[PDB]
Structures are given as structure tokens and as C-alpha cells.
């Protein structure tokens, strides 16, 4: 069989995942959502596009988890976004029940899948999805860091006037105030950003502003669109993860991953650089922090611990 990718959620990110998976000839695609219509429509629309570039891929839409059977990769975008007038607790409340339903469908019908979560709040939902589904911890990851890395690379490539291919961004942690950037492990052509300031290729103030722009990057897009959130960069980010699994590329990508003692952490999903191959999360790359970074990381992990406490307070199973 060709590889099979199931997409749980057929909204703007889901649709974009499905389109990218066709264009990149990754395999056959099933779009799932709770109500018939949109999944089947988007599937057929992309199927109908396929003769133009010449990709051969089966597309279907479904509202029964049986349709995801034997999926090699599952990408989860199901759930609601954070509104103008709802608490973290009500978001967690609604989206945890979504994760329970999703996790039970994956458990029954695609237990060998590599699962990529992109439901918010990410570090909590992926932890929950793994627990609900029972899948091996190395087979469930969250997409976050690749997106922050992609935005920071864009800003850096702009600032230096160089190709996006020759910029590297090193981030850990989560988004926003929970992001932990290491500008010393971010580079142009191998030269750290910290050294580029010393060369006069940029300034400290410009560098700090790009880091802050990365922190704020999701909101920046929300403020422009007014309705809805980013979807092109989030979808490309998750597809990079999926492709590394499917093609056993062993990319090193910052992802929310289950820590078994790496970074001094046990039993939590945290944004860290991981090797993704055909066996899932194969290795975590644990860097050595300076003081500012250790303090930033600890703050960010405390934020995650806070979220998990809130999940547990609203769900017996967790």
C-alpha cells in the first residue's frame, strides 16, 4: 500500500496539510471531521487538482474513525481555538474532551500511527492525547517549535538579505513567553547570530526585536487576518515532521516530545530538538545551557507543569 495519512480536523490547517501531502506525493489522505460535508468536499477538490501536477493519491473525507484504519501518520487539528472571552480552563475543558474522542479513535483504528498534535494549548493537549490513546510516547509529538523556528528564520533572512535556506533558528519550549530561543545556536551559514552582531551585520536591538517578533508571531497573524489564525506556516511545519517520519529522514526538529529524563525532566511533553525517523522520536538532543537560558527553560517548564495540573484538575483519567 502507499503510505496513509489521516488528518483529524478539516479546517484551514487540515486542508493545507492535505494539499501539501498531495503536492509532496507523501501518500493517500483521509480528511476526518465530526460532521460530513467539509471533509469530503476538500478531499474531492484536492483530488480534482491532482491531474494538473500529476500526483497520484487517493483522497477521501469521513466522519467515522474506522476511515483512519492503518494510518501511518495522523495529524490532529481538531478542537476549538482560544476565543476573545473564554478562560484557559474552558479551552482546556472543551479540547480535552476532543482529545479523548480522538485518542480513542486512534487507539482502536491506527494504533501504530505516528501522531502529530496541533490542538491548543499544545503542550497539554499532546500529553493528554498520548495518555488517552495509549500509544508509545515516542510515537506522539506536538508541532510548535518548527513554526517558531520558521518565523524566526524568515525575520532573519529579511534582516540579513540572504536566502532562507542558509538561516538556522534554535528554539526550545513553547510559544510566546514560554519560547526559549538560543540566538547563539541560531546561524547564517554556520555563523552564530551573536557573532553577526559583533561583525556589524545586524545590531543587538534588531536581534532582540526579531526574537520578540517570534514570540508574538501567532498574534501578529491573528491581528491581520481578524478572523482566524495562521495556517500556511503551521501546516508546512507539521508536514516537515510527517515527511521525516515517512521517509526516515532523521531530521532534527524542535517539537513537543515526551521527556524520559532529558533536560532534567520526566513525564512531561516539552519543546525540544528531536531526531524524527521511522521509529518516531529516536533521540533528544540535550544542549548545555548558559545561566540565562537555564532560567528561561525552567520558567517555561513551570508553565507546562501548571497546564498539566489544570488538565488533571478537570479530568479523572489524567
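Positions refer to the first chain, counted from 1.
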Quick note on 152-160 and 90-98: per-entry mean CA temperature factor is higher in 90-98
Mean Cα B-factor check, 63-71 vs 255-263, entry values; winner is 63-71
Entry record, C-alpha B-factors for 46, 26, 34, 30; the maximum is at 34
When the entry's CA B-factors for 200, 121, 142, 218 are compared, the highest one belongs to 121
Residue 82: CA temperature factor from the record, placed by chain third, in the highest
Binned into thirds over the chain's modelled residues, the C-alpha B-factor of residue 130 lands in the highest
Entry-reported C-alpha B-factor of residue 111 relative to its chain, by third, is highest
In terms of its chain's C-alpha B-factors, the third that includes residue 40 is the middle
Assert third(CA B-factor, residue 227) within chain per record equals highest
